[PDB]
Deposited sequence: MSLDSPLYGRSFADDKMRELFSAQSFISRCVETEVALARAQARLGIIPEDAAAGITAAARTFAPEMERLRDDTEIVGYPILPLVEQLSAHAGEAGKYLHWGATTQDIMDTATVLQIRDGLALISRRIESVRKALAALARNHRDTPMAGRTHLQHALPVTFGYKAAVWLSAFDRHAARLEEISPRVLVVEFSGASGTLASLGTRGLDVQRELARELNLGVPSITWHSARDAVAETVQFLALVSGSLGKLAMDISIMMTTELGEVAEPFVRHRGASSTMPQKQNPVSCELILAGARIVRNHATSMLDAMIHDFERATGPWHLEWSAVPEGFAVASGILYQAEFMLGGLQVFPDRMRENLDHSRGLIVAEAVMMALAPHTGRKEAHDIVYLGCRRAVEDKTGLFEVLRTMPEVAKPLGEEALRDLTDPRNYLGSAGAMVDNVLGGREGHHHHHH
């Protein structure tokens, strides 16, 4: 279809393409042969022969697609093509393997590449956020609670908040990786029966050959490490959605506080976040995976994994681009901050007044000053100055200072420094 711009990443689509999947499938079968020759399970020349045939092997992709439709899966047709190519040594291919072993393991190999690309995009996101946080550390603007002026903040403060989430997501990525990056090799019902007593030796050797962890046990039907990976994609997408909401709303005509380098990046991010969320939902369904293999639940991973990855990668890329070139308008920010003519810093007059009148009293006086500033379509300073119960204890100069929003930024700057932590 042709509608608009895609939120899916082409690099992440190349990664989960048929050609790439198949080549990881071959990679797995060759490593299995090698693992078995080292453990003396198949002849050493059979593995040598298999290794060499694979160096020169080029699958016949259309034949593969056609046979998959007949057989249900590409693995045994792929083994047939590889066997034909290898001659006599090919008779030792896929020895003790089942289809889900090769498909799970090839999937894990792609997930390794998928996660390196995700990590790379999360690191660019953090970099562009740290720059915004640093450069706009002292750029004042209105803080908003339910879309309405609350107290002054700075734009670097906002960027630091966005950044803090991505610092946490970077940490999550590193925790999830050793759980999901494990080999699958357990055979038709997960017992490796066809290998007699040597099954666990093969499984461990195979992990080593591919540079993967070893699972505690068969995970044909224990899908939690894969589900948590897509859940993680969905969590990152949610954090992208938050900043996309903020930016697209700051692009409102009457605000005009920023501009993207239609907020098209925000559009793609916000739609994509919901689609990734849906892929996480499917993975929670796919976990209800009955007995030793269930084709229904398993089929659900086949969209949720590659598409969760493609879409999450594309919206991270949209965020890298948007945040990297974000146009920030301190002039519009300053103008919007003055919109309430000091009302936004009523709290600062209360704080200053309380030691003189007491706390409830200070609150009552200033809220009265605020109702009148509003009702009289004038500034808070111009109301408060005529009110001797405030003006006399504070003085007019102090009132001018306290009603200037630029003077009430609190720990904003220090909070930014804390998150940046010497970046």
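Mind pulling out the bits of the deposited sequence that never got modelled, as residue ranges from 1?
Since the structure holds only modelled residues, the stretches it omits are 1-5, 267-281, 444-451.
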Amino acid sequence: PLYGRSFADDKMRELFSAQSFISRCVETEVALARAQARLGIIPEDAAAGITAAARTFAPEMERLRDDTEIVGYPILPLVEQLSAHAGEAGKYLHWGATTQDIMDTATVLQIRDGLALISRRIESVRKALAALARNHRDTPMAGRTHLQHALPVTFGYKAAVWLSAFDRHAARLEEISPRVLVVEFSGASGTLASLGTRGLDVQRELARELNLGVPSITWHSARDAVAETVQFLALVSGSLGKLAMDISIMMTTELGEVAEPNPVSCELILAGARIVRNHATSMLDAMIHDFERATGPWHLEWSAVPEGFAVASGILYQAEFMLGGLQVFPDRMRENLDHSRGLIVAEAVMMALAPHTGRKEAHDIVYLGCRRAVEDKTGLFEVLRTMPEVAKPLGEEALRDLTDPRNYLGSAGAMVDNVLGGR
From here on, numbers count along this sequence of modelled residues.
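Looking at the deposited entry, does 219-227 or 340-348 carry the larger mean Cα B-factor?
Between 219-227 and 340-348, it is 340-348.
Where do the C-alpha atoms have the higher mean temperature factor in this entry, in 116-124 or in 80-88?
Going by the record's values, the stretch with the higher mean is 80-88.
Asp138 by Cα B-factor - lowest, middle or highest third of the modelled chain:
It belongs to the middle third of the chain when residues are ordered by C-alpha B-factor.
Cα B factor band for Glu335 (lowest, middle or highest third within the chain):
For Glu335, whose C-alpha B-factor we compare with every modelled residue in the chain, the answer is the highest third.
Just say lowest, middle or highest third for the CA B-factor of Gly156 relative to the other modelled residues in its chain.
Lowest third of the chain for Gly156's C-alpha B-factor.
Determine, from the deposited record, the chain-internal third of the Cα B-factor for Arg198: lowest, middle or highest.
It belongs to the highest third of the chain when residues are ordered by C-alpha B-factor.
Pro306 - which third its CA temperature factor falls in, relative to the rest of the chain
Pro306: CA B-factor falls in the lowest third of its chain.
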